[PDB]
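Quick notes on the structure that follows.
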Amino acid sequence: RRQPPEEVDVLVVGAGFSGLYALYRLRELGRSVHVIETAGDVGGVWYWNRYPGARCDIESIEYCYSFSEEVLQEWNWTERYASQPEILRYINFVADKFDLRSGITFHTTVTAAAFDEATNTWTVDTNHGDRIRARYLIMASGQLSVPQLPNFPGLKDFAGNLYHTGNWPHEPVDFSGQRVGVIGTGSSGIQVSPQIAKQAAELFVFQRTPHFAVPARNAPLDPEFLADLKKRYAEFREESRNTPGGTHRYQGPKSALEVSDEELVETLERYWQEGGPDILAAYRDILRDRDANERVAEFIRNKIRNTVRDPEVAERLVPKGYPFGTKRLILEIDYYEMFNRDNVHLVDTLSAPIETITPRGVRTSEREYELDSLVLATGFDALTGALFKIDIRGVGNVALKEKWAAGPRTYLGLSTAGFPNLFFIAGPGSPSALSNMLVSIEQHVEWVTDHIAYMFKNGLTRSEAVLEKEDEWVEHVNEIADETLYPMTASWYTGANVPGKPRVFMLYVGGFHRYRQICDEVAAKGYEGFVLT
Ligand SMILES: Cc1cc2nc3c(=O)[nH]c(=O)nc-3n(C[C@H](O)[C@H](O)[C@H](O)COP(=O)(O)OP(=O)(O)OC[C@H]3O[C@@H](n4cnc5c(N)ncnc54)[C@H](O)[C@@H]3O)c2cc1C
């Protein structure tokens with residue numbers, strides 16, 4: 001409805017945390033800037049994922065913007081870990097406060113973008129037949145998207161109520177009196193299930209791969225504490241910027257292998273009772289050493305066995321075969337405890353795979369389960385999923401999809417050679433999903449918008465990563481990743497390992513603070529590694 005400009009200094013794709021701050025900062029810097037967003041309003045993942053139990057896995061006081069002193073002073077977080085409704089209210093507050101929606105076109109999807117060498121501009125097309133000419137294109141298009149896979153066979157035949165965690169109804173769903181099925185036990189499944197368990201007459205959880213999850217220990221945020229923090233919030237967030245992960249997480253000095261079974265249990269139990277993801281850094285080698293990881297993994301496995309009364313059910317819930325904590329750690333709220341309710345039933349689909357969804361419910365090899373409601377608790381596509389849905393064409397009409405088929409090739413994760421004037425916020429090649437994303441998003445938006453400002457200040461119009469420096473960066477990312485357990489997780493690679501072909505690990509794992517220092521050095525040296533004309 002709001003018409004996008006025909007010409008703009010910067011076009012931003014996406015109106016979540018990334019796109020909104022890019023918009024705001026480019027305005028402040030005196031540039032012309034517009035946003036295109038698929039959704040009807042702001043929020044990004046916090047707009048589109050609205051299933052009950054959706055909640056951030058790092059603390060509220062950390063997972064927030066810091067760019068505005070007034071925002072910091074005026075917003076009251078109510079809980080240790082904020083719910084999606086609260087996060088969405090916060091994002092709407094920011095957009096409201098700074099009149100940001102005047103700079104956004106909603107209900108509109110960018111379908112293609114092509115670089116034009118003559119003018120040093122991007123021409124961008126949308127699914128409403130808009131054409132925009134921007135000098136710079138910022139992809140604030142996110143890291144998590146709906147997977148592009150067919151649904152289970154027979155899904156369209158289900159005769160009951162069907163829900164998707166990825167597109168949950170806007171009005172509340174009452175499961176009272178119902179036999180409900182939940183398919184999927186990743187992040188969405190683990191968060192949504194205990195909420196459904198509160199209402200359903202019966203609940204069947206269809207679990208394929210068991211995932212690691214630790215207790216949130218969520219609690220109301222003491223108003224007195226928050227008021228005290230607000231007096232020194234700038235000092236606090238500068239402390240967060242100077243860490244590997246972008247939060248105040250204690251860095252455990254010891255090796256998980258150097259302690260007695262006794263000290264390990266004592267230490268890991270303290271983390272279990274405190275709750276949250278800080279357990280990931282209980283010891284220094286959890287993500288470096290195969291045996292160090294398995295030791296922490298085993299303790300968690302035993303917590304599952306301890307919590308779930310039925311030992312057969314408990315054993316099916318235990319993650320096996322793969323390392324702990326190589327992805328964002330899921331916080332659970334009575335997910336394990338849930339299985340002790342008489343009305344909750346675990347269906348192990350590794351043992352009995354789903355044959356088909358039926359009109360009555362779900363059929364495995366063993367039996368049919370009759371259900372009144374079925375919830376699909378879907379996972380997420382590769383980090384590159386959003387980008388790959390757009391036909392992006394660079395120098396020589398090369399498709400970004402083709403160049404990145406063996407993995408995302410970038411310099412600092414910020415730009416790729418052959419695709420001038422194009423920038424990625426919080427994406428492959430940078431700390432991204434392996435950090436407090438609000439800290440990474442702010443660093444990236446500041447770096448990219450500062451760079452765009454510098455260009456205009458010096459009368460330049462074309463910014464391209466130097467190919468040698470991209471190759472060095474890619475290799476450097478691989479080298480440091482190969483020193484960790486992260487490569488053990490298939491989702492951090494695009495496609496399988498093929499002899500005699502390159503393979504690029506998705507993310508920088510060397511620590512946010514170290515990455516920040518690199519980026520600052522690059523900027524200080526006049527953008528060393530970019531060719532600017
Ligand atoms: C349940 C859950 C828990 C989370 N917990 C944590 C946590 O513990 N810590 C943490 O750091 N992060 C967490 N996150 C990750 C979260 O995604 C990021 O922190 C952050 O919100 C990403 O913001 P973004 O702006 O970069 O991307 P997004 O929020 O994904 O926004 C991208 C936007 O781009 C739009 N878009 C994409 N392609 C197009 C196109 N072609 N045309 C138009 N629009 C397009 C999308 O519609 C979307 O609105 C969590 C996310 C979820 C879902």
Side-chain angles (χ1 to χ4, degrees), residues 4 11-23 34-60 62-65 81-84 87-88 90-91 104-113 124-128 130 132 137-146 165-168 186-192 216 240 245-247 249 276-277 280 327-331 377-381 383-392 424-427 430-442 444-445 512:
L11 190 71
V12 177
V13 184
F17 276 129
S18 294
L20 291 173
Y21 186 29
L23 169 57
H34 203 68
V35 181
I36 310 293
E37 166 64 61
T38 289
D41 213 326
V42 300
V45 289
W46 305 108
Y47 175 91
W48 66 262
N49 287 88
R50 71 190 66 92
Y51 62 81
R55 184 172 305 277
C56 187
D57 300 302
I58 61 175
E59 286 178 350
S60 299
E62 299 280 7
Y63 191 71
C64 60
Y65 282 130
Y81 302 100
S83 71
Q84 167 268 328
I87 293 163
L88 188 57
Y90 172 76
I91 299 170
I104 313 168
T105 294
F106 297 102
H107 288 288
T108 306
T109 299
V110 171
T111 47
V124 181
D125 306 319
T126 73
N127 69 340
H128 293 334
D130 313 288
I132 302 111
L137 177 50
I138 295 178
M139 293 309 289
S141 38
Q143 308 76 39
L144 303 171
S145 58
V146 291
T165 54
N167 184 30
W168 195 262
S187 177
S188 299
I190 287 172
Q191 293 184 342
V192 77
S240 298
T247 73
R249 177 172 308 164
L280 290 160
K327 279 153 109 139
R328 196 176 281 119
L329 191 43
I330 299 161
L331 308 189
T378 53
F380 305 97
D381 207 322
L383 195 135
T384 47
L387 281 161
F388 285 4
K389 283 189 261 182
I390 309 167
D391 180 36
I392 296 165
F424 309 105
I425 305 299
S430 68
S432 189
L434 294 167
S435 62
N436 166 1
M437 286 290 286
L438 263 155
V439 165
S440 291
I441 280 164
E442 286 193 331
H444 261 201
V445 171
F512 169 78

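Numbers for residues simply follow the sequence, beginning at 1. Whatever order the structure lists ligands and atoms in, that order sets their numbers, starting from 1. No hydrogens, no waters, no symmetry mates; every other heavy atom, side chains included, goes into these values.
- Set against the non-hydrogen atoms of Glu37, the atoms of ligand 1 under 4.0 Å away are 33 (C), 34 (O), 35 (C), 43 (C), 44 (N), 46 (C), 47 (O), 48 (C), 49 (O).
- When all heavy atoms of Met139 and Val13 are compared, the pair lying nearest together is SD-CG2, 3.7 Å.
- The option with the heavy atom closest to atom 22 (C) of ligand 1, from among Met437, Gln143, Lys389, is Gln143.
- Counting heavy atoms closer than 4.0 Å to ligand 1, residue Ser435 contributes backbone atoms (N, CA, C, O) but none from C-beta onward.
- Protein heavy atom nearest atom 5 (N) of ligand 1, with residue, atom name and distance: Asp57 N, 3.5 Å.
- Residues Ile91 and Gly43 come closest through the heavy atom pair CD1-O, 3.6 Å.
- Listed by number with element, the atoms of ligand 1 under 4.0 angstrom from any heavy atom of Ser141 are 32 (C), 34 (O), 37 (C), 38 (N).
- When side chains are defined from C-beta on, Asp381 does not count as touching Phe388, because their heavy atoms never get closer than 4.5 Å.
- Under the 3.5 Å distance criterion, with hydrogens and angles disregarded, no donor-acceptor pair is assigned to the side chains of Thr126 and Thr108.
- Ligand 1 has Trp46 within reach: a non-hydrogen atom of the residue lies less than 4.0 Å from it.
- Under a cut-off of 6.0 angstrom, the local environment of NZ in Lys327 is sparse, with at most 12 non-hydrogen atoms contributed by other residues, nucleotides or ligands.
- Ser18 contributes no side-chain N or O that, together with a main-chain N or O of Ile441, makes up a donor-acceptor pair within less than 3.5 Å.
- When heavy-atom distances to ligand 1 are checked against a 4.0 Å cut-off, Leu438 has no atom that comes that close, whether in backbone or side chain.
- Looking from atom 45 (C) of ligand 1 to the surrounding protein, the closest heavy atom is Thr38 OG1, 3.8 Å.
- Between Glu59 and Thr247, the side chains place no donor N or O within less than 3.5 Å of an acceptor N or O (distance only, hydrogens not considered).
- For ligand 1, the atoms lying closer than 4.0 Å to a non-hydrogen atom of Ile390 are 41 (N).
- In this structure, the protein non-hydrogen atom closest to atom 39 (C) of ligand 1 is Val13 CG1, 3.7 Å.
- Between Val110 and ligand 1, an N or O atom pair is found at a separation short of 3.5 Å.
- Ranked by closest heavy atom to atom 32 (C) of ligand 1, the top entry among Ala140, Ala15, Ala22 is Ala140.
- Close contacts of ligand 1 with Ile36, meaning ligand atoms under 4.0 Å from a residue heavy atom, involve 43 (C), 44 (N).
- Using a 4.0 Å cut-off between heavy atoms, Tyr51 contacts ligand 1 through its side chain alone, with no backbone atom that close.
- Polar contact with ligand 1: absent for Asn436 (N/O pair, distance under 3.5 Å).
- For ligand 1, one of its N or O atoms has an N or O atom of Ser18 under 3.5 Å away.
- Considering every non-hydrogen atom in both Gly16 and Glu37, the closest pair reads N-OE1, 4.4 Å.
- For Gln191 and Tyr51, the side-chain atoms include at least one donor-acceptor pair closer than 3.5 Å.
- Annotation: side chain of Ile425 is not in contact with side chain of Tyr21 (no heavy-atom distance under 4.5 Å).
- Here the shortest heavy-atom pairing between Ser440 and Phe512 reads OG-CD1, 3.7 Å.
- Every N/O-N/O distance between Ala54 and ligand 1 stays at or above 3.5 Å.
- When only non-hydrogen protein atoms are considered, atom 31 (O) of ligand 1 lies nearest to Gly44 CA, 3.5 Å.
- With a 4.0 Å heavy-atom cut-off, ligand 1 is reached by the side chain of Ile441 but not by its N, CA, C or O.
- Closest protein heavy atom to atom 15 (C) of ligand 1: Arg328 NH1, 3.6 Å.
- One distance of note links OG1 of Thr111 with CD1 of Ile390; it measures 8.5 Å at 0.5 Å rounding.
- Taking any N or O of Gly14, backbone or side chain, none lies under 3.5 Å from an N or O belonging to ligand 1.
- Among protein heavy atoms, the minimum distance from atom 27 (O) of ligand 1 is reached at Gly142 CA, 3.3 Å.
- The side-chain heavy atoms of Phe17 and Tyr90, taken from C-beta on, include a pair separated by under 4.5 Å.
- Checked by distance only, ligand 1 and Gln191 stay at 3.5 Å or farther apart across all their nitrogen or oxygen atoms.
- Protein heavy atom at the shortest distance from atom 18 (C) of ligand 1 is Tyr63 OH, 3.5 Å.
- Just one of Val110, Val124, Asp130, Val12 meets the side chain to side chain contact (heavy atoms under 4.5 Å, CB included) condition when paired with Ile36; it is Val110.
- Of the N or O atoms in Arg55, none lie within a sub-3.5 Å distance of an N or O in ligand 1.
- Polar contact check, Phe17 against ligand 1: a nitrogen or oxygen pair lies under 3.5 Å apart.
- The shortest heavy-atom contact between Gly427 and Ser430 is O-OG, 2.8 Å.
- Across all their heavy atoms, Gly246 and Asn436 have their closest contact at O-ND2, 3.0 Å.
- The ligand atoms of ligand 1 that sit less than 4.0 angstrom from a heavy atom of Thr108 are 43 (C).
- By the 3.5 Å distance cut-off applied to N or O atoms, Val45 is counted among the residues near ligand 1.
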